[PDB]
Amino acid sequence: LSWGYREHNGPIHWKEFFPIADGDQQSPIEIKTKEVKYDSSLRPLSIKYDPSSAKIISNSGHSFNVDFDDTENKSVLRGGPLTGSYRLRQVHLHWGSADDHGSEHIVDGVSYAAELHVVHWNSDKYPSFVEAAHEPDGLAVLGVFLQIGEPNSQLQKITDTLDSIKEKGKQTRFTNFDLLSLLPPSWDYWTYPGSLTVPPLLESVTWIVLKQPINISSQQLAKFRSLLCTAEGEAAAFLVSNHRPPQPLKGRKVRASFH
């Protein structure tokens, strides 16, 4: 298929080919903090990341994707709401066409300029990321907000590659990536059961959305909007915006890691 974020193929149209778009556990969501409850049963979060696990960065047409060697438990997410070990697989980013909004999750009506997703899968139960994405307990995703602020030096390894991956399908070697340092200092989070935010919109994600944003400067953010959603030899169109709006909770409750 040819879903994307343009007029005819964008979010409002995804239900034409992916009716789970109007499902009961869709993401992203709005977090109403007055209705969130602290859950003391959550375990400490554990983030063990190895910079050598990163392999390549590519333009998927819908974002950049940093892909990690995942046949190995060198980079794993454990604890918090999770049972077992979730292997790091992917990092990508969502933004809007201007700085004032662009994040996917929205907390008490506040948008941010962008939102990073860190995708992991349950290799204690499932044989592959692809399989795990079809199971309710299969995926765990960290959401990190990016607010306009002074430039963030931890985005340089990414931003330095963008010209090399301007067209859809381009890739480049990308290793020795310090993902850990791209996370904010506080890992306090909200957690809820939801979905991929792109087709196929599978309801397989335990979301772990960090409260504290990181910074990005407008000049850094603008470079992402210079990526294309089209391949070499196809009429050029820019990936100026790639975020899905929040979907209704439909009865789900959001839990907080913090009082």
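Sequential numbering from 1, following the sequence displayed.
The mean C-alpha temperature factor is higher for 12-20 when 236-244 and 12-20 are set side by side. When the C-alpha B-factors of 187-195 and 40-48 are averaged, 40-48 comes out higher. Taking the PDB entry at face value, the top CA B factor among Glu30, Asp67, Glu35, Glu203 belongs to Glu35. Looking only at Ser226, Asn215, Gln219, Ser60, the residue with the top Cα B factor in the deposited structure is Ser226. Placement of the Cα temperature factor of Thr230 within the chain: highest third of the modelled residues, per the deposited record. Per-chain ranking of the deposited C-alpha B factor places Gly84 in the middle third. The PDB entry assigns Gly109 a C-alpha temperature factor belonging to the highest third of its chain's modelled residues.
Ranked by C-alpha B-factor against the other modelled residues of its chain, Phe129 falls in the highest third. Among the modelled residues of the chain, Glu135 sits in the highest third by CA temperature factor in this PDB entry.
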